[PDB]
Amino acid sequence: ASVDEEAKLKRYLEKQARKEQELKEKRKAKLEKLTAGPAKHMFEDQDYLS
Amino acid sequence: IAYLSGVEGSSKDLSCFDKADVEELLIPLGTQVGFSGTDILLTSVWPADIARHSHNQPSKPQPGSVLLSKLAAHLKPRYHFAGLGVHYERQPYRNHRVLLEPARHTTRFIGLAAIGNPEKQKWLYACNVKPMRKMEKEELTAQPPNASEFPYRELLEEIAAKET
Amino acid sequence: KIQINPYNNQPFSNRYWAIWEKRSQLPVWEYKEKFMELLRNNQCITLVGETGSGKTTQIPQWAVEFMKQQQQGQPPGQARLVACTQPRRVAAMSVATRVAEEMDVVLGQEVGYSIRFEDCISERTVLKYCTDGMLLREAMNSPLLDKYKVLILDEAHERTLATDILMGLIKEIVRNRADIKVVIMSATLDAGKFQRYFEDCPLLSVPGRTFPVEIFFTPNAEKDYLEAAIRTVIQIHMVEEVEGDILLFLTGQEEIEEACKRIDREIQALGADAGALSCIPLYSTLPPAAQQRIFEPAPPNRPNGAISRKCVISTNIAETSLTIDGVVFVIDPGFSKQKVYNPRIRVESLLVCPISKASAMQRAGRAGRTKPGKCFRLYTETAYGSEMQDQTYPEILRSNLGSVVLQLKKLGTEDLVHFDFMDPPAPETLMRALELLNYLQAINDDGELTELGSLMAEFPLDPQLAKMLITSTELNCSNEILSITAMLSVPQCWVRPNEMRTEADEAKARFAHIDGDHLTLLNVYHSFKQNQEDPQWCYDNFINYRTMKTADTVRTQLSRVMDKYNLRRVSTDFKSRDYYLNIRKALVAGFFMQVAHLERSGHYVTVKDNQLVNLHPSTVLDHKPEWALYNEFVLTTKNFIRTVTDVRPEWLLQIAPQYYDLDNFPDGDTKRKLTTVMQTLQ
Amino acid sequence: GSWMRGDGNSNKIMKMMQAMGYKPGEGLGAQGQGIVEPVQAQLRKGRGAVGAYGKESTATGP
Amino acid sequence: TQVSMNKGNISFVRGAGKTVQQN
């Protein structure tokens, strides 16, 4: 248990460590994804095209 | 200047030096007139292999002194004259890893030959110095073109592993 | 002391003496007496010497004297030449200009060059520089290279398809025309494979770099190289006290435009203390003005003594022939994109692949041209020895051989399966090559070049395109098709700076034709003609002005070629219903194998090989056409068929009867669609 | 292997390698020094530099 | 940050260098 809690605490701290650049980037990634908005549709109605 | 005479050995003879001798030579680590280290170093034997990472190689595969590496390895001397065996201007080397840490003054090692050696002339080296009490960093340390990486970097890590 | 110039009878000009002093100090110079003896003693020579060893400039000049001495005391016999090939057009010029100075004669007169779209010879020419393809272009009319006395196949390391073909034929020539000297030069140290190949010919090694270079490795293996490269750039900028520019090698534009941006962020963080770092992208499709930056000098540095530096981030264009001055720090992540053409599925790939034991040198060799320098590789030294293969494959082991088989057939190689390639192409590829040519009526079933085939070789084009263009002359659309040929034979004319992507794509939309990328290029070409070929109009509409001016040149050449064989240039009336109908039919004539159809799953599968493909997102289509004609099967992140075109399946059965013959087809959706159409047409 | 045979035209194209006289399975070249699996290319796993994707490179011949 | 390590190639078994500039 002392080995496991030492590892688990370390991995808790290492995720908590620099919990801002990821969050600010993931917030940034989400923001720019929504604002990019309309992707091209490229419809498939081949019988209309015929 | 700093100097250590003799050959690396464990005998109490005046012709031999040992770990203790190098250590008490190394003893003044505080800044005694600001003292960081010396301009020139005079030794007999070669250190543990100057030829590593050298842009040229010496004419003979010389072995040499593990210990005197250690004394250079903090002396960081502007020059190192080594007697015995062979001439060799080794080209310079730096006193740190590159890119990791700020620049620091480069050594140049200079091997001299014996008088009347079977090649003749080269045994005498005619040269300027200028001191680290009047030189300054923007002249003393700006890496002169041919600078190589620190030759005892690898061995320090190896030799430390047992000894220190 | 007055020496007379033997070529023009002049005293050697005052300039020559000064130049003479410097060229005497080139490394090759000491070998001058030694080379001549070998040339006199042997028919073939292999020569090797590192960059800056002076080979390319001195060796061909020494060849010229050796020709002259052989004419001394013989009658003045039939004019024979010394050839020097050069893999790239820019190199063939830059050598000649220097060498026309060194021999104190007027360029084009006694010393010349002969590259594509520009011939600088005269009847007094003795020494001819040409690109590799031009010495291949001459042989196809004159198999024994009859004008030539001494050949010189420079830069052999580059192993280009022009060069690999040549070498074999030239060794064949070394039989037969038993008077012609050959001097194969290589700039890389290569393991004397050249020495074997040419009957153990004597190998001459000449050293000669300019400055020594420091090599460096990371001791552990970083897992994200771009994060490492970017981090490496910053680290160097801050710690190195020597003035110099950083040259970072990345894989391509998706990264060289990212790496610029992110490196700009961290220098904007480091603020006033750090010197100004200027980040310059450099890849082969940047427009001229964007390329020209690399000549720009660094700032005068910040007042505190912090060194400002230029950081050029570049693909392998900085490795060879482009010489970036002022570089004293090379960062080498150890990758390049390598085309590898998979002859089973006709998928031509573009993956990120590790460089070779040579390429590693050449990247490092950029440092050490102006002062000693350092190269940082982001891989570990054990990684170097045991994963990177020793030299990168030749071009011939990598690409489609359609263009090459037709060239070899025109040269009168019938025996392709014994052809003496130095590194022979894969059996599976050649079977696509012959199969490609056999559908196209280039070769009959007994494998002789047919009449249509012999005309196809005459065009500076790929086999598919030549079949298109010839066939376009009977469809009354050759003037329109000639341009769609020209645009596809030059590197693609769409510019897309990612800082300006949305605006550039808007320009692309305005050109876009409805039926696909092939009519979209003809629209692009016409729009360039209407605007008096004004460079500005190219810029704002994000079209490379190099590509179009190259393209329009290619068109003029192809017109000249058509005239010599009486292929009439024609057009359908613009008023006619047939105009855009006759264009699309001509395409289908020649890219009929490279056709996809839209399966019910919502994906395309390529006709007969069932390879799953997507419209490459650059296509100006806004719909999936049900049958798609495509020019390039690309592997990047997915299979993508590029330059996609809407075709109508009735054309496929009428225009290209052999391949779409139903009885052969693999039983599947492709067959099901095609069958119904043939019954309808009947 | 021509994992591509069926077609009435497929068979001529070998039979040109038989009229110019192959010896199947074997080695395109002259003395004979060929490769005999065409050169192949796979997705790198991503971005780890020249090693920690475990000896999975796409090159197969100097 | 990134750890440097060296591995340089030998030029020549020779015997001179900087001293004219070092002087």
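Heads up, residue numbers simply count up from 1 along the chain you see.
Cβ atoms are placed via backbone N, Cα and C, with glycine included.
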Next item on the list: Give the range, chosen from C:154-157, C:354-357, C:570-573, that Swiss-Prot lists as motif 'DEAH box'.
Entry: C:154-157
Margin query: Among the binding-site residues C:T51, C:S53, C:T56, which residue has the fewest other Cβ atoms within 10 Å of its own Cβ?
Written below: C:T51
Next item on the list: Work out the three-state DSSP category of C:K55 (ATP binding site).
Entry: helix
Next item on the list: Would you identify the secondary structure of C:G49 (ATP binding site) according to DSSP, in three states?
Entry: strand
Check: Just how many other Cβ atoms lie inside 10 Å of the Cβ on C:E50 (ATP binding site)?
Finding: 18
Check: Restricting to the same chain and to residues at least six past its boundaries, which positions have a Cβ under 8 Å from a Cβ of the motif 'DEAH box' (C:154-157)?
Finding: 55-56, 84-87, 91, 163, 167, 184-188, 190, 194, 358, 391
Notebook entry, point to check: In sequence order, which same-chain residues at least six apart have a C-beta under 8 angstroms from C:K55 (ATP binding site)?
Noted result: C:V28, C:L47, C:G49, C:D154, C:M185, C:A187, C:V206
Next item on the list: Enumerate same-chain residues with a sequence separation of six or more from C:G54 (ATP binding site) and a Cβ-Cβ distance below 8 A; give 'none' if the list is empty.
Entry: C:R23, C:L26, C:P27, C:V28, C:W29, C:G208
Check: Of C:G49, C:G52, which of the binding-site residues has the most Cβ neighbours inside 10 Å?
Finding: C:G49
Item checked: ATP site, defined by C:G49, C:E50, C:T51, C:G52, C:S53, C:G54, C:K55, C:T56: further same-chain residues with Cβ within 8 Å of the Cβ centre -> C:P27, C:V28, C:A187, C:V206, C:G208
